[PDB]
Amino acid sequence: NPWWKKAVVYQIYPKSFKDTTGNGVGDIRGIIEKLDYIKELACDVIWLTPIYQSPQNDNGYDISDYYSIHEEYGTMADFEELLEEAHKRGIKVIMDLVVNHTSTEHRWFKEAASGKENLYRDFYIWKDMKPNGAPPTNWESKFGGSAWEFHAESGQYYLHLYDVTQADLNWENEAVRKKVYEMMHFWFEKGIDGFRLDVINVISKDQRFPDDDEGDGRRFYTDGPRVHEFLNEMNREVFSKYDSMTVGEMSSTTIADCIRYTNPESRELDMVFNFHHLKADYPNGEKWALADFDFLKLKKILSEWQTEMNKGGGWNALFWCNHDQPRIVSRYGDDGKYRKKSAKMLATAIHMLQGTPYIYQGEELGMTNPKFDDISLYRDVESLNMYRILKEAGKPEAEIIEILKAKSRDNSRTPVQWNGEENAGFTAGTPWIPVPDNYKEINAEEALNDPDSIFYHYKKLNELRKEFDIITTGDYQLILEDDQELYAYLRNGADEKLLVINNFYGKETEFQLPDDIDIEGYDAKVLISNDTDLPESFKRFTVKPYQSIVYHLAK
């Protein structure tokens, strides 16, 4: 059984983790200083978002040199000391791998853009104007507008699925692939334990580059004709030579493809993230619009991914949070009265699923969205732009602010709140982004000194995954599918079950075990609960607001 199957991963966004230098920006030395904290949480993998040399046009996802570290974050010596101090504590480290595109400041692009005959020209994707003066395709960039950028000096457009200074690498080019693999070897040989592969399912483009009527063009590069081939090749050349863990981040993918990506027979990736459960509060798929989450759809989404991947032999990365997503307690939980209870409930809801769980820095503290009530507190360029545009269109100030409070991509980027000192102890300087005033009540020092804290609830969930094999091997069975408040399910094992019951809302409601649930001869014991008010009988009882209970049933 691979070491990653029962692992729990702690996601670190270094800019906002811990500043040890006083410049207001988190750094690698800060992570080192926190390894004992991460071990205390009982995570055994650390995942760092991009720390590579980069102009920082796109939050580090525009990489100008894969072999060195952004100076702000520290030195390569720091990094190697982090690998060494981590491994000594039994913690593995995986890196973020961004190889769909490079910065246009990368050596290869500067060379390639110089002319149609430069050696590196075909490292990127170039096409001519259409006769009608239109771009090569009508495909849209995910940052909006055309996915093609004209390069005057050479007379062609290069492709960018993402931002303008993020030029898509040409994966049809075997030369490019080999260079990527060499780069991957460099890091593995340095001693990292794996990679999360950023938007990896878009590297295979339809080489006929046709126009998209019915859409924005994503139909022509998402889970494309050669993605499985490329990943498997990457497996043979790189992943197969190390004791590694690889997780792919998928854009707009499908269950069928994710089964192929992660079934061990494919020799592609170990697991994948998909984001469908994090779109359950998008009205009509509009990412910036306000709405309450659709609970039944959420349950349906989680259950499909559980049962289908289980049947297909695939593996899910399990998570609620990212540097790009709202903090989960504010989003699907209650960040007021029931902040602690609902944070624990959400943690249990997803950790008791089949797969490998990911904790985003500060989630274990129940950090909330910061509720910044003024435009000067925000940093994310997309938020600043959105405020500018909505202001120009005459939306009132308070209404724009409400939108940013729910949707700004800064929301989970505020500094980790360590203690109740200045700037929550994140920095002795001025943080690059403000700390909200809740820090005095919400911080690690306070959580670590409260036996009933969210932090220790996560610790227990993390250790349970090591202690109870059914969390890894049990199937998944949804019950109470139509219930408007309860998310409940079973994990069925060999004369052993888990029954997990989560109230997703702040009202009392009844749980009754369905008649088809055959538990004859099983004894029940509480595995973990966020409430000491335990039912006389789990078979029928009144669930308290945001109550979360897991029963361990055995013969």
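All residue numbers are counted from 1 along the displayed sequence.
S.K.: Could you check which stretch, 324-332 or 172-180, carries the larger mean CA temperature factor in the entry?
M.R.: According to the PDB entry, the answer is 172-180.
S.K.: With respect to the recorded C-alpha B factors, which stretch has the higher mean value, 480-488 or 281-289?
M.R.: Of 281-289 and 480-488, the stretch with the higher C-alpha B-factor average is 281-289.
S.K.: Taking the Cα B-factors listed in the entry, which of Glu304, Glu140, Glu446, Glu467 comes out highest?
M.R.: Highest CA B-factor of the listed options: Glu140.
S.K.: For the C-alpha B-factor as written in the entry, point me to the maximum among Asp216, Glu308, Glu249, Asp257.
M.R.: The record points to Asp216.
S.K.: Grab the CA temperature factor for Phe230 from the record and place it in the lowest, middle or highest third of its chain.
M.R.: According to the entry, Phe230 has a C-alpha B-factor in the chain's middle third.
S.K.: How does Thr427 rank on Cα B-factor within its chain, lowest, middle or highest third?
M.R.: Answer is middle: the recorded C-alpha B-factor places it there.
S.K.: Using the B-factor values recorded in the entry, state whether the Cα atom of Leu534 falls in the lowest, middle or highest third among the modelled residues of its chain.
M.R.: Its C-alpha B-factor belongs to the highest third of this chain's values.
S.K.: Place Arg208 in the lowest, middle or highest third of its chain's C-alpha B-factors, as listed in the PDB entry.
M.R.: It belongs to the highest third of the chain when residues are ordered by C-alpha B-factor.
S.K.: Report the third (lowest, middle or highest) to which the CA temperature factor of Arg29 belongs, ranking only the modelled residues of the same chain.
M.R.: According to the entry, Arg29 has a C-alpha B-factor in the chain's middle third.
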